[PDB]
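Colleague: The file below is target.pdb, PDB, C-alpha atoms:
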ATOM      1  CA  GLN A   1     -21.543  48.424 -46.178
ATOM      2  CA  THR A   2     -22.735  49.904 -42.892
ATOM      3  CA  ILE A   3     -24.585  47.167 -41.025
ATOM      4  CA  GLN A   4     -26.478  46.336 -37.848
ATOM      5  CA  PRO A   5     -24.929  43.830 -35.392
ATOM      6  CA  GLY A   6     -24.268  40.425 -36.942
ATOM      7  CA  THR A   7     -21.645  38.039 -38.310
ATOM      8  CA  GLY A   8     -20.791  36.567 -41.690
ATOM      9  CA  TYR A   9     -18.262  36.794 -44.503
ATOM     10  CA  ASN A  10     -17.423  39.943 -46.406
ATOM     11  CA  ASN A  11     -14.998  40.136 -49.329
ATOM     12  CA  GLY A  12     -13.278  36.939 -48.237
ATOM     13  CA  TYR A  13     -13.105  37.603 -44.499
ATOM     14  CA  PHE A  14     -15.241  36.645 -41.539
ATOM     15  CA  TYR A  15     -16.636  39.626 -39.647
ATOM     16  CA  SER A  16     -18.435  40.053 -36.354
ATOM     17  CA  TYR A  17     -20.132  43.185 -35.089
ATOM     18  CA  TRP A  18     -21.860  43.440 -31.730
ATOM     19  CA  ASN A  19     -23.110  46.252 -29.501
ATOM     20  CA  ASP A  20     -25.065  46.532 -26.260
ATOM     21  CA  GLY A  21     -27.863  48.552 -27.872
ATOM     22  CA  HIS A  22     -26.800  51.839 -26.264
ATOM     23  CA  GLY A  23     -26.272  53.467 -29.655
ATOM     24  CA  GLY A  24     -23.653  55.877 -30.939
ATOM     25  CA  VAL A  25     -21.676  53.334 -32.983
ATOM     26  CA  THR A  26     -21.442  52.880 -36.756
ATOM     27  CA  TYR A  27     -19.736  49.826 -38.223
ATOM     28  CA  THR A  28     -19.005  49.565 -41.949
ATOM     29  CA  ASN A  29     -17.599  46.600 -43.885
ATOM     30  CA  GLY A  30     -15.042  47.833 -46.412
ATOM     31  CA  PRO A  31     -13.104  46.335 -49.360
ATOM     32  CA  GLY A  32     -10.924  43.279 -48.770
ATOM     33  CA  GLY A  33     -10.174  42.843 -45.086
ATOM     34  CA  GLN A  34     -11.089  46.429 -44.249
ATOM     35  CA  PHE A  35     -13.681  47.657 -41.759
ATOM     36  CA  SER A  36     -14.364  51.095 -40.253
ATOM     37  CA  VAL A  37     -15.831  52.028 -36.894
ATOM     38  CA  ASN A  38     -16.941  55.520 -35.927
ATOM     39  CA  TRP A  39     -18.436  56.036 -32.498
ATOM     40  CA  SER A  40     -19.595  58.910 -30.315
ATOM     41  CA  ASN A  41     -20.781  58.552 -26.714
ATOM     42  CA  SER A  42     -21.283  54.839 -27.279
ATOM     43  CA  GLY A  43     -21.963  51.949 -24.974
ATOM     44  CA  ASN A  44     -19.952  48.734 -25.194
ATOM     45  CA  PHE A  45     -19.265  47.309 -28.675
ATOM     46  CA  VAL A  46     -16.921  44.951 -30.534
ATOM     47  CA  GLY A  47     -16.361  44.881 -34.293
ATOM     48  CA  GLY A  48     -13.782  43.448 -36.662
ATOM     49  CA  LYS A  49     -12.655  41.164 -39.466
ATOM     50  CA  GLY A  50     -10.680  37.958 -39.511
ATOM     51  CA  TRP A  51     -11.261  34.222 -39.843
ATOM     52  CA  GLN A  52     -13.756  31.536 -38.860
ATOM     53  CA  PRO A  53     -12.230  29.276 -37.758
ATOM     54  CA  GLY A  54      -8.871  30.688 -36.709
ATOM     55  CA  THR A  55      -5.645  28.717 -36.249
ATOM     56  CA  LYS A  56      -2.918  28.371 -33.614
ATOM     57  CA  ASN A  57      -0.096  29.642 -35.822
ATOM     58  CA  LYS A  58      -1.667  32.349 -37.947
ATOM     59  CA  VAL A  59       0.431  35.434 -38.607
ATOM     60  CA  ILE A  60      -2.041  38.311 -38.724
ATOM     61  CA  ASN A  61      -1.275  41.572 -40.498
ATOM     62  CA  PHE A  62      -3.151  44.784 -39.802
ATOM     63  CA  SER A  63      -2.709  48.371 -40.895
ATOM     64  CA  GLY A  64      -4.741  51.534 -40.719
ATOM     65  CA  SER A  65      -5.710  54.334 -38.395
ATOM     66  CA  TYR A  66      -6.823  53.872 -34.821
ATOM     67  CA  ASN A  67      -7.949  57.034 -33.055
ATOM     68  CA  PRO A  68      -9.673  56.314 -29.731
ATOM     69  CA  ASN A  69     -11.068  59.180 -27.679
ATOM     70  CA  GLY A  70     -11.396  57.417 -24.355
ATOM     71  CA  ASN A  71     -11.749  53.766 -23.301
ATOM     72  CA  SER A  72     -11.153  51.475 -26.291
ATOM     73  CA  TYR A  73      -8.831  48.610 -27.346
ATOM     74  CA  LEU A  74      -7.424  47.379 -30.670
ATOM     75  CA  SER A  75      -6.447  43.719 -30.641
ATOM     76  CA  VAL A  76      -6.402  40.161 -31.954
ATOM     77  CA  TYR A  77      -9.521  38.759 -30.296
ATOM     78  CA  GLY A  78     -10.984  35.278 -30.339
ATOM     79  CA  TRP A  79     -12.386  32.216 -28.646
ATOM     80  CA  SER A  80     -11.488  28.606 -27.978
ATOM     81  CA  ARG A  81     -13.706  25.640 -27.100
ATOM     82  CA  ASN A  82     -12.727  22.713 -24.865
ATOM     83  CA  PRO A  83     -11.456  24.566 -22.967
ATOM     84  CA  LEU A  84     -13.735  27.591 -23.370
ATOM     85  CA  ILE A  85     -11.405  30.605 -23.451
ATOM     86  CA  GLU A  86     -11.869  34.210 -24.570
ATOM     87  CA  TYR A  87      -8.543  35.809 -25.503
ATOM     88  CA  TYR A  88      -7.020  39.186 -26.329
ATOM     89  CA  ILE A  89      -3.653  40.141 -27.831
ATOM     90  CA  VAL A  90      -3.876  43.917 -27.241
ATOM     91  CA  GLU A  91      -1.869  46.084 -29.635
ATOM     92  CA  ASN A  92      -3.155  49.516 -28.652
ATOM     93  CA  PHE A  93      -5.650  51.026 -26.221
ATOM     94  CA  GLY A  94      -7.080  54.342 -25.092
ATOM     95  CA  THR A  95      -7.377  55.698 -21.569
ATOM     96  CA  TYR A  96      -7.829  52.365 -19.808
ATOM     97  CA  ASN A  97      -5.482  49.385 -19.589
ATOM     98  CA  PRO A  98      -7.743  46.289 -19.960
ATOM     99  CA  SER A  99      -5.388  44.268 -17.743
ATOM    100  CA  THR A 100      -6.305  46.462 -14.761
ATOM    101  CA  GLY A 101      -7.257  44.101 -11.931
ATOM    102  CA  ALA A 102      -6.100  40.987 -13.783
ATOM    103  CA  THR A 103      -3.493  38.519 -12.543
ATOM    104  CA  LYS A 104      -0.084  38.795 -14.222
ATOM    105  CA  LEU A 105       1.320  35.397 -15.177
ATOM    106  CA  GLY A 106       4.434  36.540 -17.021
ATOM    107  CA  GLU A 107       5.883  38.246 -20.093
ATOM    108  CA  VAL A 108       6.560  37.348 -23.734
ATOM    109  CA  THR A 109       8.566  39.017 -26.487
ATOM    110  CA  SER A 110       6.827  39.081 -29.855
ATOM    111  CA  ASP A 111       6.962  41.207 -32.988
ATOM    112  CA  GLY A 112       9.158  44.026 -31.690
ATOM    113  CA  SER A 113       7.835  44.364 -28.142
ATOM    114  CA  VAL A 114       7.420  42.678 -24.780
ATOM    115  CA  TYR A 115       3.854  41.778 -23.791
ATOM    116  CA  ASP A 116       2.570  41.287 -20.260
ATOM    117  CA  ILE A 117       0.457  38.147 -19.821
ATOM    118  CA  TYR A 118      -2.620  38.103 -17.580
ATOM    119  CA  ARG A 119      -5.638  35.952 -16.815
ATOM    120  CA  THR A 120      -9.070  36.596 -15.317
ATOM    121  CA  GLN A 121     -12.137  34.434 -14.759
ATOM    122  CA  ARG A 122     -15.585  35.426 -15.980
ATOM    123  CA  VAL A 123     -18.325  33.608 -14.049
ATOM    124  CA  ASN A 124     -21.752  33.077 -15.610
ATOM    125  CA  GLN A 125     -21.105  35.527 -18.436
ATOM    126  CA  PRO A 126     -22.341  35.236 -22.020
ATOM    127  CA  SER A 127     -20.040  33.372 -24.389
ATOM    128  CA  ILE A 128     -20.011  31.733 -27.806
ATOM    129  CA  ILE A 129     -21.794  28.784 -26.154
ATOM    130  CA  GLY A 130     -24.171  30.784 -23.946
ATOM    131  CA  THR A 131     -24.037  31.703 -20.253
ATOM    132  CA  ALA A 132     -20.900  29.995 -18.962
ATOM    133  CA  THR A 133     -17.854  30.328 -16.720
ATOM    134  CA  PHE A 134     -14.507  30.648 -18.465
ATOM    135  CA  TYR A 135     -11.019  32.107 -18.302
ATOM    136  CA  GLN A 136      -9.996  35.221 -20.176
ATOM    137  CA  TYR A 137      -6.395  35.369 -21.392
ATOM    138  CA  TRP A 138      -4.578  38.606 -22.144
ATOM    139  CA  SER A 139      -1.381  39.655 -23.891
ATOM    140  CA  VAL A 140      -0.907  43.431 -23.534
ATOM    141  CA  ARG A 141       1.691  45.090 -25.778
ATOM    142  CA  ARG A 142       3.981  47.586 -24.026
ATOM    143  CA  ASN A 143       4.807  49.546 -27.199
ATOM    144  CA  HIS A 144       1.480  50.570 -28.747
ATOM    145  CA  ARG A 145       0.986  50.538 -32.520
ATOM    146  CA  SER A 146      -1.811  50.566 -35.098
ATOM    147  CA  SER A 147       0.017  48.678 -37.854
ATOM    148  CA  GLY A 148       2.105  45.537 -37.777
ATOM    149  CA  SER A 149       2.224  41.769 -37.825
ATOM    150  CA  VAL A 150       1.146  39.503 -34.972
ATOM    151  CA  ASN A 151       2.569  35.979 -34.766
ATOM    152  CA  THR A 152      -0.181  34.313 -32.702
ATOM    153  CA  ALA A 153       1.910  31.185 -32.113
ATOM    154  CA  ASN A 154       4.288  33.154 -29.876
ATOM    155  CA  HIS A 155       1.439  34.130 -27.579
ATOM    156  CA  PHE A 156      -0.290  30.742 -27.538
ATOM    157  CA  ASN A 157       3.033  29.040 -26.729
ATOM    158  CA  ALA A 158       3.733  31.511 -23.935
ATOM    159  CA  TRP A 159       0.210  31.009 -22.532
ATOM    160  CA  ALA A 160       0.621  27.220 -22.761
ATOM    161  CA  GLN A 161       3.891  27.374 -20.814
ATOM    162  CA  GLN A 162       1.846  29.164 -18.136
ATOM    163  CA  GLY A 163      -0.915  26.572 -17.942
ATOM    164  CA  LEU A 164      -3.246  27.389 -20.829
ATOM    165  CA  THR A 165      -4.337  24.514 -23.046
ATOM    166  CA  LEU A 166      -6.176  25.994 -26.055
ATOM    167  CA  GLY A 167      -8.526  23.493 -27.675
ATOM    168  CA  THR A 168     -10.647  24.056 -30.756
ATOM    169  CA  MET A 169     -10.203  27.514 -32.244
ATOM    170  CA  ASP A 170     -13.432  29.361 -33.043
ATOM    171  CA  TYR A 171     -13.337  32.833 -34.654
ATOM    172  CA  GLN A 172     -10.152  34.913 -34.702
ATOM    173  CA  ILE A 173     -10.371  38.582 -35.672
ATOM    174  CA  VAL A 174      -8.641  41.943 -35.407
ATOM    175  CA  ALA A 175     -11.170  43.967 -33.453
ATOM    176  CA  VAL A 176     -11.833  47.421 -32.103
ATOM    177  CA  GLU A 177     -13.733  47.411 -28.819
ATOM    178  CA  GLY A 178     -15.173  50.569 -27.333
ATOM    179  CA  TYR A 179     -16.525  51.200 -23.847
ATOM    180  CA  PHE A 180     -18.704  54.298 -23.399
ATOM    181  CA  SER A 181     -16.339  56.482 -25.363
ATOM    182  CA  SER A 182     -15.799  58.059 -28.773
ATOM    183  CA  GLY A 183     -13.380  57.518 -31.621
ATOM    184  CA  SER A 184     -12.774  56.309 -35.147
ATOM    185  CA  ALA A 185     -10.788  53.529 -36.806
ATOM    186  CA  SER A 186     -10.143  52.042 -40.257
ATOM    187  CA  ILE A 187      -8.263  48.770 -40.067
ATOM    188  CA  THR A 188      -7.291  46.405 -42.874
ATOM    189  CA  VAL A 189      -6.669  42.767 -41.979
ATOM    190  CA  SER A 190      -4.694  40.275 -44.106
TER     191      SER A 190
END
Can you turn what I pasted into structure tokens?
Modeller:
Amino acid sequence: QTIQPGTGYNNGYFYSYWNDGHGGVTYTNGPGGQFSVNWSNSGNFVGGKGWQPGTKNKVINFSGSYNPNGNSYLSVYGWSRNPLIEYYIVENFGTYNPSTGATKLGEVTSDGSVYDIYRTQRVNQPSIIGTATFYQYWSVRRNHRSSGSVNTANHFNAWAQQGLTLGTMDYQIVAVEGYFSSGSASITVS
């Protein structure tokens, strides 16, 4: 069903929906691991389905339609504790590459494409544990797609070889993030 920002379990999958309060976004929990997002002249928002907690070797499958009309990303998104890390495995994006201004650490080949690895530090920003300072890890896919399989282990191993030491995995979802744009998406996670 269409819901206001929140988290929980729907049809077997953990979901998380958040928005800055700007308005213009509609999130709907669908059957199985499906969710739909329709936005128009939105603010910043993040919504998706997955697991709570996630694992370090989960192979995530996603399929559906992703039609951004501006700044938006489609990716495997999650958090880690001890160390506190916010991560993104970007599969597709709109008009803005989220790695812009980040520091490139290397590259990794996974699931039919090379990904560029980056890292950034967020100081005194909100997190799953409150206002904190943490690193943000990125894996940006060169060949964009809206359907496929993501072997998370390949990314975590690549990040580890670069100095990342993931600790306790918190939530892990396939999410659509929008940033003051418009668009629509219907993704099914499994």
Colleague: So how far away is CA of residue 153 in chain A from CA of residue 135 in chain A, in Å?
Modeller: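 Value for the CA of residue 135 in chain A-CA of residue 153 in chain A distance: 18.9 Å.
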Colleague: Starting from the displayed file, determine the output of the PyMOL selection byres ((chain A and resi 56-58) around 9) and express the residue list as a PyMOL selection string.
Modeller: chain A and resi 54-55+59-60+150-154+156+166+169
Colleague: In Å, rounded to a single decimal, give me how far CA of residue 12 in chain A is from CA of residue 83 in chain A.
Modeller: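 Here the two named atoms are 28.2 Å from each other.
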Colleague: For the provided coordinates, the residues matched by the PyMOL selection byres ((chain A and resi 92-108) around 9) should be stated as a PyMOL selection string.
Modeller: chain A and resi 66-75+90-91+109-110+113-121+138-146+154-155+158-159+162
Colleague: List the spatial neighbours of residue 11 in chain A as a list in words - criterion: any atom at most 7 Å away, all atoms listed in the file, same-chain residues fewer than 3 positions off excluded.
Modeller: residues 31, 32 and 33 of chain A
Colleague: Which neighbours of residue 14 in chain A fall inside 8 Å, counting all atoms listed in the file, when residues of the same chain fewer than 4 positions from it are skipped, and could you give them as a list in words?
Modeller: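 Everything that qualifies: residues 7, 8, 9, 10, 49, 50, 51, 52 and 173 of chain A.
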Colleague: Closest to residue 25 in chain A among A:127, A:61, A:172, A:181, using all atoms listed in the file?
Modeller: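 Comparing A:127, A:61, A:172, A:181 against residue 25 in chain A, the winner is A:181.
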Colleague: Between A:24, A:6, A:53, A:112, single out the one closest to residue 149 in chain A, counting all atoms listed in the file.
Modeller: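 Looking at the shortest contact to residue 149 in chain A, the residue is A:112.
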Colleague: Quick one: 3 Å padding each side, axis-aligned, all listed atoms of range 66-75 of chain A - centre and edge lengths in Å to one decimal, as JSON?
Modeller:
{"center_x": -9.1, "center_y": 51.4, "center_z": -29.1, "size_x": 11.3, "size_y": 21.5, "size_z": 17.5}
Colleague: For residue 78 in chain A, which residue among A:1, A:36, A:16, A:165 is the nearest when counting only C-alpha atoms?
Modeller: A:16
Colleague: Using all atoms listed in the file for the distances, tell me which of A:129, A:175, A:187, A:85 is nearest to residue 46 in chain A.
Modeller: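 Among the listed residues, A:175 lies closest to residue 46 in chain A.
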Colleague: Go through A:17, A:2, A:126, A:62 and flag the residue nearest residue 29 in chain A, using all atoms listed in the file for the distances.
Modeller: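 Looking only at the distances to residue 29 in chain A, the closest residue turns out to be A:2.
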Colleague: Quick one, how far is CA of residue 22 in chain A from CA of residue 125 in chain A?
Modeller: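 These atoms are spaced 19.0 Å apart.
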Colleague: Could you check which residues have any atom within 6 Å of (-18.4, 57.2, -32.8), counting all atoms listed in the file with coordinates taken straight from the file, and then list them as a ChimeraX atom specification?
Modeller: /A:24-25,38-40,182-183
